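Data block below; observations after.
The chains referred to below are lettered A, B, ... by the order of the sequence lines, with proteins before strands, and numbering in each begins at 1. Numbering of ligands and ligand atoms starts at 1, following listing order.
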Amino acid sequence: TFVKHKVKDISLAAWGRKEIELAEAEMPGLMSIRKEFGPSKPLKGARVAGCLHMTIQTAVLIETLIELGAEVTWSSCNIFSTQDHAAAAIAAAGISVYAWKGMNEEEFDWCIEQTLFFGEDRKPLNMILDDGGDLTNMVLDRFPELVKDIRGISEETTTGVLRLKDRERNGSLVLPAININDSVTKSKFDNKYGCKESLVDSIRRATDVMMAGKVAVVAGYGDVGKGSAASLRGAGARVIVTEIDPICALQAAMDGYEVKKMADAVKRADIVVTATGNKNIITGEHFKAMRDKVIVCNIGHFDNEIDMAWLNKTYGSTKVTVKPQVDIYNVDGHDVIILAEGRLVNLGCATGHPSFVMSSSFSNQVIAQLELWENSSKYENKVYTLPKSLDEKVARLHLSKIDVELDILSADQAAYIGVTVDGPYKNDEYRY
Amino acid sequence: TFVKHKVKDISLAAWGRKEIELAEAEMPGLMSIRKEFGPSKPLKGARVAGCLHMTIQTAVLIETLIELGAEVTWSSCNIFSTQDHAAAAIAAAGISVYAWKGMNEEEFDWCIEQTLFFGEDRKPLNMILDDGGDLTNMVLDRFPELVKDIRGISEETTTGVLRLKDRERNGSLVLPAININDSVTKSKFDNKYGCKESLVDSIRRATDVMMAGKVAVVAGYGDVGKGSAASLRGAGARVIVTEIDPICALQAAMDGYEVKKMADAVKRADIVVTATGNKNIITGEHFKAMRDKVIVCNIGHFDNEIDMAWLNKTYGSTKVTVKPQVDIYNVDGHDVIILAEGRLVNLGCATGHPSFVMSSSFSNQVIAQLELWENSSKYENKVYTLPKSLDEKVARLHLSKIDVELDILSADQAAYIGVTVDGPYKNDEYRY
Amino acid sequence: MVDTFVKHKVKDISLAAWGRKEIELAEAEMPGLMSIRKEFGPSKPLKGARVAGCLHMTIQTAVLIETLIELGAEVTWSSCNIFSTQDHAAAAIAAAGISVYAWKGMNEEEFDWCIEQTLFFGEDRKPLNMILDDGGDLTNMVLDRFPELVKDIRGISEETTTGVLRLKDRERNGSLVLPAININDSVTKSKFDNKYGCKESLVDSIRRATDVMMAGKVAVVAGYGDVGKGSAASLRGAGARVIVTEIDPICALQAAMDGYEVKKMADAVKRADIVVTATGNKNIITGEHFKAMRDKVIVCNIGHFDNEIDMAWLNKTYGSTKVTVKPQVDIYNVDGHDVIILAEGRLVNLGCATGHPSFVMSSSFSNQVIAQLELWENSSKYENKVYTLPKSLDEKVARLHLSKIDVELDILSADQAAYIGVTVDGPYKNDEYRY
Amino acid sequence: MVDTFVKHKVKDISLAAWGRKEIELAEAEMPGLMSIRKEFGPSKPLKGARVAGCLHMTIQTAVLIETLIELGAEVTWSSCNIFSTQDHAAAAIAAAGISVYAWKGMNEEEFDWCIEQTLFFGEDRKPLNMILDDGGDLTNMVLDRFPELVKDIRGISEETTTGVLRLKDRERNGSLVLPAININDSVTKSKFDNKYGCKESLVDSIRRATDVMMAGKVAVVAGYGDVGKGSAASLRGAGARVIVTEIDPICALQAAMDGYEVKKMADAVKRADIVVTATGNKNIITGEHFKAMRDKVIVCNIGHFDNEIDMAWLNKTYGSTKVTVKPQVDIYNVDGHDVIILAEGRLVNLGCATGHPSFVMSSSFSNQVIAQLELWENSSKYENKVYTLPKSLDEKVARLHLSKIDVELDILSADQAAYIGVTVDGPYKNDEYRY
Ligand SMILES: NC(=O)c1ccc[n+]([C@@H]2O[C@H](COP(=O)([O-])OP(=O)(O)OC[C@H]3O[C@@H](n4cnc5c(N)ncnc54)[C@H](O)[C@@H]3O)[C@@H](O)[C@H]2O)c1
Ligand SMILES: NC(=O)c1ccc[n+]([C@@H]2O[C@H](COP(=O)([O-])OP(=O)(O)OC[C@H]3O[C@@H](n4cnc5c(N)ncnc54)[C@H](O)[C@@H]3O)[C@@H](O)[C@H]2O)c1
Ligand SMILES: NC(=O)c1ccc[n+]([C@@H]2O[C@H](COP(=O)([O-])OP(=O)(O)OC[C@H]3O[C@@H](n4cnc5c(N)ncnc54)[C@H](O)[C@@H]3O)[C@@H](O)[C@H]2O)c1
Ligand SMILES: NC(=O)c1ccc[n+]([C@@H]2O[C@H](COP(=O)([O-])OP(=O)(O)OC[C@H]3O[C@@H](n4cnc5c(N)ncnc54)[C@H](O)[C@@H]3O)[C@@H](O)[C@H]2O)c1
Ligand SMILES: Nc1ncnc2c1ncn2[C@@H]1O[C@H](CO)[C@@H](O)[C@H]1O
Ligand SMILES: Nc1ncnc2c1ncn2[C@@H]1O[C@H](CO)[C@@H](O)[C@H]1O
Ligand SMILES: Nc1ncnc2c1ncn2[C@@H]1O[C@H](CO)[C@@H](O)[C@H]1O
Ligand SMILES: Nc1ncnc2c1ncn2[C@@H]1O[C@H](CO)[C@@H](O)[C@H]1O
Ligand code: NA
Ligand code: NA
Ligand code: NA
Ligand code: NA
């Protein structure tokens, strides 16, 4: 059975298309890539299956791949992250998209499965574009017959990369993969500035809480945690950080944040944000220790950061939904407010990162797809990163929109520091 | 004809009631006032007509007045500020409310008129609680027969106060009025921290624009402008301020902001925010000078800050609505994005100020209503402010929720600085 | 029978050339004062005035002094604090022939003597006829100890929150026997000098004294008036985490809204790497606080007097352990944990660095000159009460500082001005406006 | 034929007591170094080592020196900058019997002489066998001018971005004839010292030199690497508005995302009240820039060498107008508008104040000691190439600084550790992690 697309409400397409146009202006990276590579159609013959939050921003990525000549199918990598107007606009353009806000797990899995075959004649995918490794897992674990004709994987996020490196270690990585999470222009921008933009946004939409006067706990101080703390502080919340890594903890301290163990920090929290990529950050002992009407949410990729299974089993009978993705539990006479059932809060309760920063991440994606499509045979079944020259190009593409003007090295200056005038400007160990 | 209430959709009441309960916990001022004054029903016999944004926060004010024994009727003071779930919850409680999001001007005026008479037997109002002076104007200009039995006015905002002071000068102020805008615990908190919380919130909901990398112009650097600049800077925008007052301009400069004339500033703006309480801040010359897809909005009380009449007359034929309260105009080949048709953006495109800060403003309102209801005969037909002891009490009521603990002066310390231990702590000229 | 005439007394008059160079640099950072010199200088409106000043003898104050002289005044001067004088500033003023009695590191007897010398001008001892004060100590000396001189004195101008409080007590008690202009409460003073000035100079002074890393530390600021607001901002801007104490629920709620934890001192002090008193009150830090402190806590005061910290208790109880690291940085061993005291608990910004920068002092001192002009010319139209300057002058002061920092104002049309109820050239706010 | 032995050379050895008091205070702010003293001191693992250091002779460096001695090393020392020495620190070190040759305000001949003395230990002239360098000038002297000494030297440790670049050029050219450990690129150095250190000390140094008001000013920072990031943050935290220049599109996009305007110097410099070079490159500020500047602009450099600003051009063209306000604050009249130069364009934080505070230097210097230990014991296992320290040691350094500032870590369970692919005691990040 061939289902051309599945979306919540296709009448939202006009609205979606208007926002896609506005987003295009905020995404000069992607648009510049369309101009540069569009005329040559370098992805003619490519059949790219994407599993990645079906947002307005993602719509621009999809249409960039199509302008480069690709066939494209798509699903979301999270049950609450799809923007239904974005999905509708993509479906109205004739594209095979299977995504809506508020799927269940069976629906989620079905959507990914549909993306593996293209058109009524069922031509299988030959490229994977993934965010979290769920599409990758479906193909490698459940459709291994399809790996022969697939040229490569590109992976968006810290958690999916970790899964790929485990596959590499275990000997089950049977395709080359490009890790674009660790492009400088992704990790140091998307994870950091993106969460800075969208964390507080999502908590405000969900709860309309006053930030000034509140204390918030952010678990983790990697790039997501750094940005999350900055989101909260910029809005006027006082932030306490938790960490396991002494270097990251010392960074937080130097950035002005108190750093304590969660067992202590959680007692003082009006707001709790998990940002670790790890599991069991917030457990039953934490829930029992919390202040009344604490707001608890997660901005790491999966919903195991918060022990929702414990919360639902133990206090599920008291659960009251205020509105979609804002649930209140009565834990022993004090309320706990859970956002998006502990799934990615920025995407679940608002619209995720803004278009401008996603243009950098998605510019990296297109470059990686181009590279594997053209050159997959020169790659081993291992995880790679993009060369610095391409990482620098991505940054360069975003400067003009925001009136950032660079000085140009003279030949003398360039020689003196051991670089060429057009870069790369830093050696490969440079941390920015 | 007696209409008991008029709201968009009364089935939103359950949702509204849940949020009202959450708001109650964020509003300890109002709740404390309920406990203190509720048992004595000091407003028994009062018939309070309110004209004030019909939000979740306002619902708590309304129900506070009822718990003090008042009859209450209500409308909104802005066509886009009502929260329909709040209005529905109030209507479901049997209260006469006439308010919905997206009224026209005829509807707006009708709603206010209904509030003047209470119940099927049409008992006229005897108290006025106003925000912007539109209810006051309707009674004094169009129902002057009703002034005899009305005991007083309380006024919420800088613009309504200015109208009252003009009436005082002109000799048309025929009731006593308490100006609660200029309670310290209102002006220095609501106008400042409130706009800090809700300005950026509203722009994000409307547009989902990246703030980092953008330049924003804020016109005016009174309390609203101070908070608006802080909202933007905290989110990562670079802010240029405009002013006419050299002191306020020098404040902005000392707070780190470039200060330029609008004619110059507007050319550099990704985002434009009017915060003056004045008219013709953004005119046709400004619109023609703007960058493509500039976002233009107003956070001052009325929609004359931006010359919408000029924009609609001249480029109205190009107008495209993206979604409600986000309109795009093509001004000579470059787009201008207008939020909420130039009306209060925080209330029009998001939910206005959060509950915690509105508890201070509305605590002042209740205190002023109590004071006029009981003691109106001791007042001349002039604008008054509340004594500092009551202003301090309002602040005191909000400290415990956010774990602010005061030291207590010893008798020796109190004598030394010339104050009593329980205050007032500052003389009346103190500016905070 | 025969009086001693000392022309000036300064630490080292050979520092004058250095002082003069910095005065010149300061002049460019003080457009308000310089503009006032040009406007009023040619007409010498202070001819015949003999102004005794008691006010921190800094480079900034040198510009004030020479502004008054350019307006035609005779001027004598002392410092209002024992550690606040900048010796090169004092030397430059002395080298210009002016009677200044001030140096860094006076004792109390020396302090009092210096003020006394300022009351009489030249070897022929013409008495003062104007008072320019900062803290009320000159005012107290004249009214309490030289009341014969009050007849010929026309007025007082007062610089600071603490001196104003003293004047209001005199007003209440019935001992204020001269008109006084309170320039502390010019908007362009209190909302700028006290706030942005302390923001600039608090951290500066702690760094010069101790060279401590700010990032990673916790600091307690007692008080959240204008000085406390600026002090907290100084620390936060440098990377310290700040806990505020207060007695005033409104000021406390401000601090909380500005992002600061607010607790009682008994609790706060246990967590403090750095303690700053900013109240204008007494007994903020007592023996119980000292015994509760962390090792090598840095304790200082930025309020006008050294009562905020109980130095008498600290010296009596643990003075035998005192070790001076360098001038104005003393370490006490309080029961096996060290307490570092800056400037013996006196104004830390002036005592351990150079106080507020020239740009903000130009506003405060522009207000001073305006007040001296007003009392000199019009003292008879004033009662023996404390006054403030009209808003039109407060606005003018601000206007004079805009061009240096490229602030440009929009101008209201007549239509706009009518709409908001103001004239085009101001004043733009009513008298109750709090900014 | 007969060599002169100078035991030490310092400005004023009577400043030792003051220096010692501040060293003690610094020791408490440097738990990393002190912990390293306790752990390794009893076993004297550096017995027989003769460590020549070339590194700013500050109070912080004194703690490093005495740490190496407590580990059993003989130590000689000079400064790597002519203006960076703190004379009381140098005096304390000399008073302890250590051969130090350093004072504030050397000339170039003096600078070179001081380094030369460090190569031989005691009157009997035992040559150095270890190099501890900051900028590569000691390394250059040994390799270029005393190559006979390379045989017995075991290794080099290098402190700073500029010295590392010199070592990598030697590596490429084939003239690196010793193993080198680059400690600049320990995470706990580059991401802390260069960034948070400059944040602490840039503004400090400008304030001490000029006492300028920061609020209301515009500053240009050239470069947005770690030093530039910290410099911009120093200025913004003090209230200055900062414009950044860059050549690297990624670093430029960072600055823009951090809220800074980013423009070409030709444009930026016209708007600047304050100019700071932070590139490690040459010719950032040239004659065309100087002619375009506002009157009394403050110009300084926080990159390692004085090439960033074209001081040769400024001195040749307008040197006849030069006026020294006080040491390391010089004013030039460039075509009728004044240019204020700090520390003759040399490292401003160290030249006009005291450089980075002790707490952050404890991390950098903990890395130094670890590198010296590693080369002393294990130099034979290294090629003549530049190395960095393993992440496990980089993490250990951080761990040692947590307790002083009350940072407490959560601990992974075995289950959590397995889940994220790490061991419970770390390392917690893979080697490509950028923090
Ligand atoms: N919501 C979004 O839009 C968004 C954006 C980017 C990345 N992500 C996801 O966010 C997560 C974090 O990404 P990152 O790039 O910051 O990874 P990272 O490795 O840079 O940061 C993770 C941090 O968590 C810390 N940590 C681990 N276990 C902990 C515990 N038990 N308690 C406290 N701290 C702990 C680690 O020490 C580390 O510093 C990943 O799941 C990633 O896929 C989400
Ligand atoms: N949106 C909200 O929720 C909210 C909250 C509080 C107050 N308000 C309203 O906001 C407005 C401003 O209130 P405020 O308390 O800041 O008043 P204010 O008097 O404290 O500030 C107004 C400022 O605008 C300046 N100004 C006037 N005309 C100008 C021009 N042409 N260009 C530039 N600047 C100009 C004035 O000099 C003044 O500093 C009022 O309409 C008030 O009723 C709205
Ligand atoms: N160092 C300087 O350069 C400088 C500059 C300006 C003013 N001052 C001086 O600083 C002091 C403060 O001035 P200000 O203008 O902020 O006065 P202010 O009245 O604005 O502030 C003092 C604050 O301290 C609070 N307070 C009083 N007793 C307290 C206690 N026991 N614990 C906690 N808080 C307490 C008050 O509630 C008040 O908010 C005055 O002595 C003034 O003369 C010094
Ligand atoms: N003062 C101190 O205490 C201190 C501390 C640490 C490092 N340093 C020194 O500071 C310098 C910078 O160190 P860093 O770690 O930031 O190095 P870095 O490589 O991290 O940063 C240098 C930056 O300057 C930029 N740049 C180069 N030429 C430029 C030009 N012409 N215009 C604008 N930008 C340009 C580069 O793109 C780069 O981003 C080095 O010389 C280093 O030794 C000094
Ligand atoms: N608006 C958005 N559209 C698509 N992906 C997003 C958006 N915001 C954040 N993300 C991505 O979500 C990922 C986590 O699964 C991050 O790696 C981040 O790039
Ligand atoms: N959530 C809200 N509910 C009611 N009034 C609000 C809210 N947010 C802001 N306001 C008010 O809007 C007024 C402007 O009309 C301000 O004086 C402010 O108090
Ligand atoms: N550099 C300075 N020169 C003179 N007075 C100063 C300086 N810095 C701060 N002050 C003043 O110190 C006063 C307290 O005595 C404050 O009112 C403030 O105006
Ligand atoms: N107080 C200080 N003492 C010693 N070295 C310092 C100090 N402050 C900064 N530095 C060092 O100066 C070096 C540049 O030569 C930087 O690598 C930095 O580590
Ligand atoms: Na978005
Ligand atoms: Na709200
Ligand atoms: Na000064
Ligand atoms: Na130092």
When you compare the side chains of C:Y419 and B:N304, does any donor N or O come within less than 3.5 Å of an acceptor on the partner? yes
Could you check whether B:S81 and B:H53, counting side-chain N and O atoms only, form a donor-acceptor pair closer than 3.5 Å? yes
For ligand 2, is there an atom lying under 4.0 Å from some heavy atom of C:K429?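 It does; at least one heavy atom falls under 4.0 Å.
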What do you reckon, does B:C248 put a non-hydrogen atom under 4.0 Å from ligand 2? yes
In the protein, which heavy atom is nearest to atom 22 (C) of ligand 2, and how far is it?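 I find the closest protein heavy atom is B:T276 O, 3.3 Å.
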Specify the protein heavy atom at minimum distance from atom 39 (O) of ligand 2: its residue, its atom name, and the distance to 0.1 Å. B:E243 OE2, 2.5 Å
Is the closest N or O pair between [X] and ligand 2 shorter than 3.5 Å?
X: B:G300; answer: no
X: B:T159; answer: yes
X: C:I420; answer: no
X: B:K186; answer: no

Check each atom of ligand 4 against the heavy atoms of [X] and keep those under 4.0 Å away; list them by number with element.
X: D:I284; value: 30 (C), 31 (N)
X: A:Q413; value: 31 (N)
X: D:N281; value: 27 (C), 28 (N)

So which of B:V224, B:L347, B:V345, B:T242 gets nearest to atom 13 (O) of ligand 2, if we judge by its closest heavy atom?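 Selected option, by shortest heavy-atom distance: B:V224.
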If you measure from atom 27 (C) of ligand 2 to every heavy atom of B:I244, B:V241, C:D410, which option wins on shortest distance?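 It is B:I244 that holds the nearest heavy atom.
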Nitrogen or oxygen atoms of D:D193 and ligand 4 under 3.5 Å apart: no
One residue to check: A:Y430. Relative to ligand 4, which of side chain, backbone, both or neither has a non-hydrogen atom less than 4.0 Å away? side chain
Counting distance only, does the side-chain N/O of B:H286 pair as donor-acceptor with the main-chain N or O of B:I281 below 3.5 Å?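 Yes, the answer is positive, given that a donor and an acceptor are paired below the 3.5 Å cut-off.
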I need the atoms of ligand 2 closer than 4.0 Å to a non-hydrogen atom of B:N191, numbered in the order shown. 6 (C), 7 (C), 15 (O)
